[PDB]
Amino acid sequence: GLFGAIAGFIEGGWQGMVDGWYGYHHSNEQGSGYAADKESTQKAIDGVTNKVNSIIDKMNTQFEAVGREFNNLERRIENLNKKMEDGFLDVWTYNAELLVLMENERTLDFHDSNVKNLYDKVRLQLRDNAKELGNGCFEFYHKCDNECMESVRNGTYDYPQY
Amino acid sequence: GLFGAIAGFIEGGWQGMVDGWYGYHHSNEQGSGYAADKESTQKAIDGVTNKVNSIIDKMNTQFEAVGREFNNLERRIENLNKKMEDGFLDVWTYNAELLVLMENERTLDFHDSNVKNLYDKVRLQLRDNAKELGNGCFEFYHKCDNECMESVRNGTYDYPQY
Amino acid sequence: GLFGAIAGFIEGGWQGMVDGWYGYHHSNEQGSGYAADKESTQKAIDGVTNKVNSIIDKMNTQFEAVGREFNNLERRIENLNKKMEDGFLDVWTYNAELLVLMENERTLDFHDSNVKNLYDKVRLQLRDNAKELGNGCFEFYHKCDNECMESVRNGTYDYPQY
Amino acid sequence: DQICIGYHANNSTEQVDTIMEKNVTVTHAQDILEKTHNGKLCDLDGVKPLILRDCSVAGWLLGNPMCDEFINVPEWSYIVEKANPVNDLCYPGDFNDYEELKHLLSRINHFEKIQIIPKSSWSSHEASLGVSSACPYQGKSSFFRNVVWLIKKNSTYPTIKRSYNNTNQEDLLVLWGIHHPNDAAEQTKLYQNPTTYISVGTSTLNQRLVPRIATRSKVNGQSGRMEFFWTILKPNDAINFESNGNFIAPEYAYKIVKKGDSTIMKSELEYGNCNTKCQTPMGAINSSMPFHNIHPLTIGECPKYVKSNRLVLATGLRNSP
Amino acid sequence: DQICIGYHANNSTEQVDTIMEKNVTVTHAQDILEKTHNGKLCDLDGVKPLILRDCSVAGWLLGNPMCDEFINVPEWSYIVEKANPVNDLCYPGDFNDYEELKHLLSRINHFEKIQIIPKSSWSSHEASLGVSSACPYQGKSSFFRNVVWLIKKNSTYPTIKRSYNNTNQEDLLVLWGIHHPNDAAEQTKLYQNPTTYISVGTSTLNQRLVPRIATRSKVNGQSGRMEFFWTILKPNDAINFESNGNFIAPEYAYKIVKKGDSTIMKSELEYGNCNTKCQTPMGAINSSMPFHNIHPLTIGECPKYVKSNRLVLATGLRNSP
Amino acid sequence: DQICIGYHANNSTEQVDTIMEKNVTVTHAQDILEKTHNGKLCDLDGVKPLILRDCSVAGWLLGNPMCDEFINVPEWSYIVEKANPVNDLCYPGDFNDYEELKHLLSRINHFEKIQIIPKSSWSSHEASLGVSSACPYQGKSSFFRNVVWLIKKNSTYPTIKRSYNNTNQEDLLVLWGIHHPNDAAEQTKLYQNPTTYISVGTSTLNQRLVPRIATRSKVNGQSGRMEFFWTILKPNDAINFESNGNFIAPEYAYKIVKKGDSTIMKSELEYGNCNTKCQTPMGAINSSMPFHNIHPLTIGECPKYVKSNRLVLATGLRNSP
Ligand SMILES: *[C@@H]1O[C@H](CO)[C@@H](O)[C@H](O[C@@H]2O[C@H](CO)[C@@H](O)[C@H](O)[C@H]2NC(C)=O)[C@H]1NC(C)=O
Ligand SMILES: *[C@@H]1O[C@H](CO)[C@@H](O)[C@H](O[C@@H]2O[C@H](CO)[C@@H](O)[C@H](O)[C@H]2NC(C)=O)[C@H]1NC(C)=O
Ligand SMILES: *[C@@H]1O[C@H](CO)[C@@H](O)[C@H](O[C@@H]2O[C@H](CO)[C@@H](O)[C@H](O)[C@H]2NC(C)=O)[C@H]1NC(C)=O
Ligand SMILES: *[C@H]1O[C@H](CO)[C@@H](O[C@@H]2O[C@H](CO)[C@@H](O)[C@H](O)[C@H]2NC(C)=O)[C@H](O)[C@H]1NC(C)=O
Ligand SMILES: *[C@H]1O[C@H](CO)[C@@H](O[C@@H]2O[C@H](CO)[C@@H](O)[C@H](O)[C@H]2NC(C)=O)[C@H](O)[C@H]1NC(C)=O
Ligand SMILES: *[C@H]1O[C@H](CO)[C@@H](O[C@@H]2O[C@H](CO)[C@@H](O)[C@H](O)[C@H]2NC(C)=O)[C@H](O)[C@H]1NC(C)=O
Ligand SMILES: *[C@@H]1O[C@H](CO)[C@@H](O)[C@H](O)[C@H]1NC(C)=O
Ligand SMILES: *[C@@H]1O[C@H](CO)[C@@H](O)[C@H](O)[C@H]1NC(C)=O
Ligand SMILES: *[C@@H]1O[C@H](CO)[C@@H](O)[C@H](O)[C@H]1NC(C)=O
């Protein structure tokens, strides 16, 4: 993916994280677990929802065929009519298929970008107080209990404290 | 945004930087101030200008309606005509609205990318001679007077010197 | 470019790397050389190949003009016919030109992204065992013979070893 | 101790296409193309279609005696006609500007048939002998019930000079016809006079038909031909007829009570005892999808028709194996 | 000491839409849709339109005596006709292939009217008694000024055999007509002969009209009808007329001097004493925008018409609150 | 010691356009627009076109004596006609519903001409004197070879009552005509009877033509006119003709043996002794590209036509200077 996170430096997803699209997994002496990042998830939900409603709505006005009959010596205009109606269908079929292709690609990259941004947001907090393992994880130099972990998820990781 | 800089790790913009789209703010014992990065700004101006002229120009050739009249027993072709003209308007209205939507999204992401790239270009100069604060700023380990600051804006920051 | 690698922090390409789109150049006491990254290259080839076949194929169904004749007192429908056929050509010409423009832009950015991702994949292995020079290169703290270099290209660089 | 950043995965096998990659498995997806229908012709929001069954629009409107079912039909949502209805013009001929009239019915939901010229009204001509074996009814020779094939009386067809004034508020559809016989012997045998005409006038109409004699192939056992014409008589206008012979005179004409959104749908399907918001020639649609691929010719509140076999938007992200 | 990377912000409240987000505030934006017009009909690059006012194209070309304003009109950029002009055919009737002729005027900027058959030239028929109360002029009975309704002279309408040779360089539009009277009594009262015709020939035309007698609704107090015809007489060709009676003969015909880009625009608006590069039926456009949404039917150098209510491109970046 | 990440560069000068940047040099690119053709008219997959050369479709089908080359033509892939063929109707006139017939030929690959009414068969009329100097052949007066201009015999043109039964399996195209003479003197000089007609009937056709007398401009030295008509006679149907005079009778008619994909292509080019899969009016196309910009009217397995001057997709990456 364009942003390199999903199926990139983060090898795969988490069956175990059920309550959001992106989040954290922690590991300390007290235990381990998955916690969803609510802000980035909701952002992703709003964007994709608006994309779908945008797509549905732009396609709202679109060609409607109408039954039109012609006699045995009006073949030319019968054919003009058939061509005209078919032509618009082909145009609108193309618009629908291409839009879906193009936006699907952007939706996948959008998710990738959200993961990368959440990873960086964490990286930029921890700075040199943690080893960047290269797989999505940061190994702390200090011990980091559930309150410590929560502060990293907060946006609050007190760097001068550790 | 896809690149995570604008309204991301850089929280907001600068009312105080008036002479460009992207640039620097410095702070040392001598004072503080905003300086625009001319190269990245001009690059942004060229790209967006070409995008607008590309959009205007692709839409140049497009369906033109023409007055066409029919009598009381030519209803079928009158209707064919109305359908045909309306159909092309709907197609061209869709092309215009979708293009604007799609490219607006790309323009915003383009700016985001330019900011991120300018931030990285600075980061890659300073290396471990400055603390990466996580908000767009770098705090120097050494003192960094106006000549020092200018060298970072130059592309010239002499790393082995400091 | 959006991802900042191609013609960005990596100044230019390598005439000397002939067997792939992206790869590595090494330099040690034993010599120097170019080696292509096969995985990222093949990925790039698959994506671009599918893009071309997608483009060719979506355009497969498209308006076909047909010879239609009218007499001296059927001018209105002759004109309707000419307008209708011309209208579809303009629509399909626009679809072809815009698609090429839009996807060319994405193809260039795609390559940029692949380079950036390959650079990061290396960066994330080496961590603090190498200086990030800022130009695409990493200068090792330890000596790094051909076997060492190969392990960086492997995905195998043993960080706790060095 | 560590903290990792990650993303959702699940057991989804839904796939979406992109420009660069086909069949990408995703955690979540949204189909937007309706592919199914109920295979039936249904009422449109409670309003039943006019199903002409084995009759054509012409057989219906002229009153082909095989089309009695459609004498005084109630309001309709849309009309359904077969591709080749067997009960069209029972006595062979042409229906003039038939396609333009059909187009007119695409904007009509209801007719109210009324008698403008009574059959008893023809005191100088024979009004009950204009019947053919080509238009049988219950074993006997009959004819289009809405027009009267007038013939001579005691070897005299005197000139006809009739008028009808459209006094009612609603546009009136008026049908008449002309008979084209096989030869001069048949002309005198039916209408006496050798050279005849039918003149028809309104505020806008200036017509004068003359019978056209020729030997023709037999169709339904008849080598003669009936040519049918029509006009729309506006309110407060009058139509005048003048004829020597060969005149197929109106008896009943159609009052255009309700105008609106209709369509003549072409289908072999019969009534399916159902209701729907969206009807197509192959069946009715019941969906919330923005698109469908059943048939281009629809009526009602319908999704937008595309030729696609598949339209699926990614909502979620790339699902891990 | 520190150095920060940042981006411009300002006091802009301009907004743009994207696929994923509506109403995004940006530092800079560029509207590309022209939404305004001046509400007037104007000269097109200094060349004034032909404004037919209360006359139709037919009233104009035939010379309906209420349409004298448009006798010998100068060159025009475009034509403007109302939706239902009151001064059309003052004596009721039809104009044959009227829509095809109108289409022909979409490619004409100038006529130069000339006299091909003088009114004094009719030495055997009465050329100044062909007038009706349905075409009044200054309180008196008149008629289409460009054609002459010929009637009998001392109870004789002898056969007419006239020719006009298109000697001039420019295609010539020629109008004539036929009169359809109410009855046999009126036929003899005007043209004497009971059975008449009008034969018309050119290198391409092979016509023979016959009057059609019928009792019709009165329109403008007239139950008779006038049916008007036309052709384009090429240079160096000749048109021949032959008639027993009922012939409405050309006097004046139109020389097609200038061909070019024109249009028949439909509008109730009158002249607005202005000039413009781009005209629409609702008003003129003066803008540099690539798009507008005023009206699809434009003439001149115009932006491209779309049905949009809003088209705004982002140029700047996401503006901070 | 170091390791660097980098990307390919080469000596390519290929360029591609993007929205934001024109003329970007890339390492690899793929042209998708075919811009060349061979400038010739060719066989379509081994099947040669019908090249009418200086004849029109009418000249061909009626058998204008300058169009003998196209007597009994073999199967064709497509037809080629010049913009203004000189050998059209040698004796001036009109061809009725000519454009509808041309449209019919867009769906026909082969005719097989057959004799339905022998020329010797006309025992009561003169069948070999219907010739004009306007249709010369080898210095002598001739006529459309497929129809017979019948004239009187010993000052009598007795009524004609002929029938042809379409016994063969294949739809039959039948041509006939009517002669419109200059005056009453010429009517009696050719057909004796002053007032004539031609009646034509099939299961569907109910026609009765009457000659139309008028003085016309000379075209090819003739002021008379010939008006040609046609029908499609279905299998097992019969056509009946009745006439007093002026009847241009069928001799040969066309058997529609093969229906299929054809086109009437308009071009001044002659045969180019070649074969191709894709033909256009300006020349043949031999390419694998998805698009071309030669001409919109093509026949065969062709790329898709666009108005572009250039369509080049980037495959590689931005090439370094
Ligand atoms: C019958 O049709 C005529 C015209 O073809 C129409 O005018 C009649 O309506 C009345 O005509 C009267 C003239 O004698 C007129 O004085 C009266 O206003 C008019 N009625 C209306 C409602 O317009 C028609 N016959 C009727 C209504 O009995
Ligand atoms: C009148 O129209 C005829 C044909 O309908 C036309 O030919 C006349 O022009 C002249 O005809 C002469 C034949 O008598 C011919 O010798 C002469 O070349 C021709 N003139 C031109 C310019 O072609 C028309 N009458 C005229 C021009 O007086
Ligand atoms: C000639 O055309 C008639 C109708 O216009 C057609 O019916 C003839 O075919 C035969 O007609 C017979 C009636 O006399 C009938 O008994 C026979 O089935 C029918 N033949 C076919 C194959 O349908 C035509 N003449 C022929 C075939 O000689
Ligand atoms: C996020 O989490 C940190 C750690 O859990 C919060 O700080 C603690 O907050 C609790 C409850 O308010 C107090 O009882 C503790 O004394 C705090 N301890 C430490 C070590 O910080 C912080 O309040 C939270 N911040 C958010 C949600 O923004
Ligand atoms: C960018 O700025 C640095 C520092 O301002 C420049 O180096 C100085 O240049 C000035 C003027 O040329 C000299 O007087 C100084 O002696 C230099 N001092 C130092 C500390 O570098 C450098 O020339 C500039 N480089 C650019 C614009 O590329
Ligand atoms: C990638 O390369 C490293 C170094 O070249 C490989 O490790 C060596 O593999 C060779 C051959 O299998 C052995 O003889 C050596 O003993 C290994 N030496 C060292 C220092 O690692 C490794 O096998 C390769 N891994 C891949 C291709 O995944
Ligand atoms: C994608 O999946 C469909 C149906 O599951 C299959 O028919 C098709 O061949 C696949 N396409 C590709 C490109 O692998
Ligand atoms: C966006 O702004 C417009 C006008 O300012 C408003 O009418 C509209 O409701 C807003 N749309 C959304 C989706 O918030
Ligand atoms: C791009 O290149 C073409 C042909 O090589 C040239 O004609 C054109 O002017 C160039 N366009 C721009 C925008 O520089």
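Just so it is clear: chains get the letters A, B, ... in the order the sequence lines come, proteins before strands, and each one is counted from 1. Computation of the quantities below employed the complete heavy-atom set of this structure, encompassing side-chain atoms and omitting hydrogens, waters and symmetry-equivalent molecules.
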For this session: Report the C-alpha separation of C/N28 and C/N146 in whole Å, then their side-chain angles, then the decisive distance to 0.1 Å, and conclude whether the side chain to side chain donor-acceptor pair (under 3.5 Å) test is met.
Result: CA-CA 8 Å; C/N28 59 20; C/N146 295 338; 3.2 Å; yes
Problem set entry | salt bridge (charged side-chain N to carboxylate O under 4.0 Å, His left out) against F/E14, all qualifying residues, sequence neighbours excluded | none
For this session: Indicate the ring-plane relationship of B/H142 and B/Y157, choosing parallel, tilted or perpendicular according to the 30° and 60° boundaries.
Result: parallel
Exercise. Just by distance, do the side chain of C/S27 and the backbone of C/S32 share a donor-acceptor pair under 3.5 Å?
Worked result: no
For this session: State plainly whether the residues C/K43 and C/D46 are in salt-bridge range, i.e. N to O under 4.0 Å.
Result: no
Exercise. Does C/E103 pair with C/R106 as a salt bridge, N-O distance under 4.0 Å?
Worked result: no
Problem set entry | Test item: C/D37 and C/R153 side chains (from C-beta on) under 4.5 Å apart, heavy atoms | no
For this session: Step by step, work out the side chain to side chain donor-acceptor pair (under 3.5 Å) result for C/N104 and F/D17.
Result: CA-CA 7 Å; C/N104 282 349; F/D17 293 326; over 6 Å; no
Problem set entry | With sequence neighbours excluded, residues passing ring-ring contact (aromatic ring centres under 6.0 Å, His included) with B/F138 | B/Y119
Exercise. Are side-chain N/O atoms of C/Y162 and C/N129 paired as donor and acceptor at under 3.5 Å?
Worked result: no
Exercise. Taking it one step at a time, do C/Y141 and C/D128 satisfy side chain to side chain contact (heavy atoms under 4.5 Å, CB included)?
Worked result: CA-CA 9 Å; C/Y141 286 114; C/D128 64 344; 5.7 Å; no
Exercise. What orientation do F/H28 and F/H8 show, parallel under 30°, tilted 30 to 60°, or perpendicular over 60°?
Worked result: parallel
Exercise. Is the shortest side-chain N to carboxylate O distance from E/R318 to E/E21 below 4.0 Å?
Worked result: yes
